Amino acid sequence: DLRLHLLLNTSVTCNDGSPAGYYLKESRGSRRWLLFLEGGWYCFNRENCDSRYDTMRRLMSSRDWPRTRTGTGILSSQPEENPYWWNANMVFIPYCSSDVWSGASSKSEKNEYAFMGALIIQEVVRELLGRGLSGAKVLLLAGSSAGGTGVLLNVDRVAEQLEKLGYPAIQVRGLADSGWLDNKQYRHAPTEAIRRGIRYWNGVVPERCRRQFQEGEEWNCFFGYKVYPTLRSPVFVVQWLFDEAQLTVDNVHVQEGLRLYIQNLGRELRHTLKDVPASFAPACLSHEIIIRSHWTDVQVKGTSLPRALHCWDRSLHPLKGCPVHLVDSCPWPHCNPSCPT
Ligand SMILES: NNC(=O)c1ccccc1OCc1ccccc1
Ligand SMILES: *[C@@H]1O[C@H](CO)[C@@H](O)[C@H](O)[C@H]1NC(C)=O
């Protein structure tokens, strides 16, 4: 169990103005810290956010949060469930800002909701330095789905924040799960929601990416294959080749037209990962993995995800029999026998 702490700075809030927070389980014999960003889509105007507040309120408010959560997958403290970092300090940061962790706007007389995702991450980091983070050797910022995209948008800002606060020894790294294409749909734009959303959230993107695409075009930096090349921090990318959220937005739910569509989608995703040295991309139809309890089951070319992350740690001290770049080449969902059921 990880125990809830509401932010001491009550001006950093969820959508409805309630305090944001984090769940923490300390491991005093470890100098490794895992900060995990939750996912869960987003909302991009008043009417769409009002609907989310009726039936997804825990993703917009802390008023009903439980005092504990069970750590699972990479957040589990059992060696059998988590071969990678079972002894780390564990942090789960709930997603209550509906802004893909990009926002920096407070509730006010002209804003019905606050969108503070980028500031929530910084304040969590700030308050953890008083509870042990000051002695860390590695800070791994991880996340799934919208939280995976949030890793890509925030990992270099966390690095910069610790540098400016006087902590040069903490190595900041990223792990982005299921947050990696602005492709043509199979049937008939989803990118327009992101464009409109950034403007609604006062959303912020990494500076080098901002400078490449310039004003009005920051939505491009929400797409992994465009923002990843601008990042300095080491980032490991986990992405199913046939991601279910990607297929949903593409309006896919088999004859030749769809067969070619699906095969091209896998081809394109594999192409964008060619020059990503730390990555894990199985040929499966699925979504998310790193906090699922059976995340140890899937393998690419005989290597599990916990093993690949361990090999990544070793590389940041090619390695013999301990690979870090693992991308399926077979071209159809579940041609990898270890895919989830
Ligand atoms: N669940 N998905 C997210 O959170 C997300 C995060 C970053 C960028 C877009 C996202 O979805 C919208 C979308 C997905 C695929 C193609 C176009 C648009
Ligand atoms: C509280 O957070 C707000 C919003 O980020 C910031 O303006 C302010 O400096 C913070 N207060 C303190 C005491 O750090």
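Definitions and cut-offs
- A chain's residues are numbered here from 1, following its sequence as written, a convention that may not match the entry; residues for which no coordinates exist are omitted.
- Lettering for chains starts from A, numbering for ligands starts from 1, and both go in the order in which the items are written.
- In computing side-chain properties, one takes all heavy atoms of the structure into account and sets aside hydrogens as well as water.
- Residues with missing side-chain atoms are left out of burial classes, side-chain pairs and their counts.
- The numbering of helices and of strands both runs from the N terminus, where a helix is a DSSP run of H or I of at least 4 residues and a strand a run of E of at least 2.
- Radius of gyration here is computed from C-alpha atoms only, and the compact-globule reference equals 2.2 Å multiplied by the residue count raised to the power 0.38.
- When at least one non-hydrogen atom of a residue lies within 4 Å of a molecule or strand, that residue is treated as near it.
- Here the Shrake-Rupley method, with its probe set to 1.4 Å, supplies the accessible areas, and only the displayed protein chains count as covering residues.
- Ten residues, namely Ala, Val, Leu, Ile, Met, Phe, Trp, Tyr, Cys and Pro, are considered nonpolar, four, namely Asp, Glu, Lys and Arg, are considered charged, and the remaining ones, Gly among them, are considered polar.
- Take a side-chain nitrogen of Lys or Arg and a carboxyl oxygen of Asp or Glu: if they are within 4 Å of each other, that pair is a salt bridge.
- Throughout, exposure labels follow a simple rule: accessible area from a 1.4 Å probe, protein chains only, divided by the maximum for the residue type, with under 20% read as buried, over 50% as exposed, and the rest as partly exposed.
- Pairs of N or O atoms are called polar contacts if they sit within 3.5 Å, as long as, within protein, a hydrogen donor faces a hydrogen acceptor (for residues adjacent in sequence, only side-chain-to-side-chain pairs).
- UniProt positions are given in the numbering used here, feature names are shortened, and annotations may be inferred rather than shown by experiment.
- Only heavy atoms matter for contacts: two residues are in contact if any of them lie within 4.5 Å across the pair.
- Throughout, nonpolar core names a set of buried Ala, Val, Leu, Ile, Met, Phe, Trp, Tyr and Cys residues whose side chains join them through atoms within 4.5 Å.
- The pairing criterion for strands is at least two bridges between them, as found by DSSP.
- In this analysis, axes come from line fits to C-alpha atoms, helices being fitted only over the stretch in contact, and the angle between any two N-to-C directions falls in the range 0 to 180 degrees.
- In these notes the angle categories are as follows: under 35 degrees is roughly parallel, over 145 is roughly antiparallel, 65 to 115 is roughly perpendicular, and the rest is oblique.
- Left-handed describes a crossing whose near helix is turned anticlockwise from the far helix through less than a right angle; right-handed describes the clockwise counterpart.
- Put simply, a disulfide is two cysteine sulfurs that come within 2.5 Å.

Mind showing me how you'd approach the overall build of the protein chain here?
Along the backbone of the protein chain there are nine helices and 14 strands. A compact globule built from 341 residues would reach a C-alpha radius of gyration of about 20 Å, and the protein chain, at 19 Å, matches this within 12%. Each principal axis of the C-alpha distribution contributes one length, and for the protein chain these read about 55 × 50 × 40 Å.

Just checking my understanding: could you explain the site of ligand 1 for this structure?
Taken together, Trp41, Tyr42, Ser145, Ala146, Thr149, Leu181, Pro190, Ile194, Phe222, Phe223 and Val249 form the complete shell of residues around ligand 1. Protein contacts shield 90% of the accessible area of ligand 1, which totals 420 Å² for the unbound molecule. Listing elements by their share of the shell around ligand 1, those giving two or more residues are α3 (146–165) and α4 (190–201). The class makeup of the residues in the shell around ligand 1 is nine nonpolar, two polar and no charged.

What exactly am I supposed to notice about the pattern of salt bridges here?
Counted according to the given criterion, the structure contains nine salt bridges. Residue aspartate 50 is joined to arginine 46 by a salt bridge in which the shortest nitrogen-to-oxygen separation is 3.0 Å. Of this pair, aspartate 50 and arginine 46 are both found in helix α1 (residues 46–55), four residues apart, which corresponds to roughly one turn of the helix. The exposure class of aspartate 50 is partly exposed, given its relative accessible area of 28%. Overall, the relative accessible area of 38% leaves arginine 46 in the partly exposed class. Two residues, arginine 173 and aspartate 313, come together in a salt bridge whose shortest N-O distance is 3.9 Å. Judged on exposure class, the residue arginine 173 and its partner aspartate 313 are both buried.

Got a minute to help me understand the side chain of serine 27 in this structure?
Here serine 27 lies in the loop between β2 (21–25) and β3 (32–37). A distance of 2.7 Å separates a polar side-chain atom of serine 27 from the backbone oxygen of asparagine 87.

Mind showing me how you'd approach the UniProt feature "active site" in the protein chain here?
According to UniProt, the feature "active site" maps to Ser145, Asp243 and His287 in the numbering used here. Examined against the element boundaries, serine 145 turns out to sit in the loop between β6 (138–144) and α3. With residues near it in sequence (within four places) discarded, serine 145 still touches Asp177, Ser178, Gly179, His287 and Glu288. Beyond its immediate stretch of four places on either side in the chain, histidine 287 contacts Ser145, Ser178, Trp240, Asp243, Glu244 and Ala245.

Sorry if this is basic, but what is going on with the nonpolar core here?
The nonpolar side chains of a soluble globular protein tend to be buried, and buried together. In this structure, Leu35 and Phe236 are the most contacted members of the largest nonpolar core, which totals 108 residues. Per-element accounting of this core gives the leading share, eight residues, to α3. Beyond its immediate stretch of four places on either side in the chain, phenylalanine 236 contacts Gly174, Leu175, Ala176, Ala278, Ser279, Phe280, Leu305, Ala308, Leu309, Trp312 and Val324.

How do you make sense of the environment of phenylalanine 280 when you look at a structure like this?
Looking at the secondary structure, you find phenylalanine 280 in strand β10 (residues 279–281). Judged by its relative accessible area of 0%, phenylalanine 280 is buried. Taking the C-alpha atoms as reference points, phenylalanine 280 and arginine 292, separated by twelve residues in sequence, lie 16 Å from one another. If we ignore the near neighbours within four places in the chain, the residues touching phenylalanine 280 are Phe236, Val237, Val238, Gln239, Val298, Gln299, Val300, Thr303, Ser304, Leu305, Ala308 and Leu326.

How should I be thinking about the pairing of strand β5 (residues 89–93) in this particular structure?
Working note: regular strand, side chains alternate between the two faces of the sheet. In terms of burial, β5 is a largely internal element, five of the five residues being buried. Residues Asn89, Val91 and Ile93 of β5 are buried on one face, and the alternating residues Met90 and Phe92, pointing to the opposite face, are buried as well. Relative to β5, β2 runs antiparallel, the two being bridged by three bridges. Of the residues in β5, the one forming a bridge with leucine 24 is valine 91. Two elements, β3 and β5, share five bridges in a ladder whose sense is parallel. Paired with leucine 34 across the bridge in β5 is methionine 90.

Even after reading the chapter, I still don't get the packing of helix α2 (residues 117–128) against α3, so can you show me in this structure?
When two helices pack together, their arrangement is captured by the angle between the axes and the distance separating the axes. At a minimum axis separation of 11 Å, α2 and α3 run at an interaxial angle of 40°. By the criterion of interaxial angle, the relationship of α2 to α3 is oblique. Relative to α3, α2 is oriented so that their crossing is right-handed. Side by side, α2 and α3 meet where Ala118, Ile121, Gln122, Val125 and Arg126 of the first sit next to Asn154, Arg157, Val158, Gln161, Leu162 and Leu165 of the second.

Explanation requested: the state of the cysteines in the structure shown.
Two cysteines whose sulfur atoms are joined by a covalent bond form what is called a disulfide. If you walk through the whole model with that rule in mind, you get six disulfides. The disulfide bridge from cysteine 284 ends at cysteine 339, spanning 2.0 Å between sulfur atoms. Between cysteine 284 and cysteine 339 the disulfide shows an S-S torsion of about -85°. By sign, it is left-handed. The exposure class of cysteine 284 is buried, given its relative accessible area of 1%.

Even after reading the chapter, I still don't get the environment of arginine 46, so can you show me in this structure?
A sequence separation of 67 residues divides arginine 46 from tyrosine 113, and the C-alpha atoms of the two residues are 8.4 Å apart. With near-sequence residues (within four places) excluded, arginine 46 lies in contact with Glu112, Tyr113 and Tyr200.

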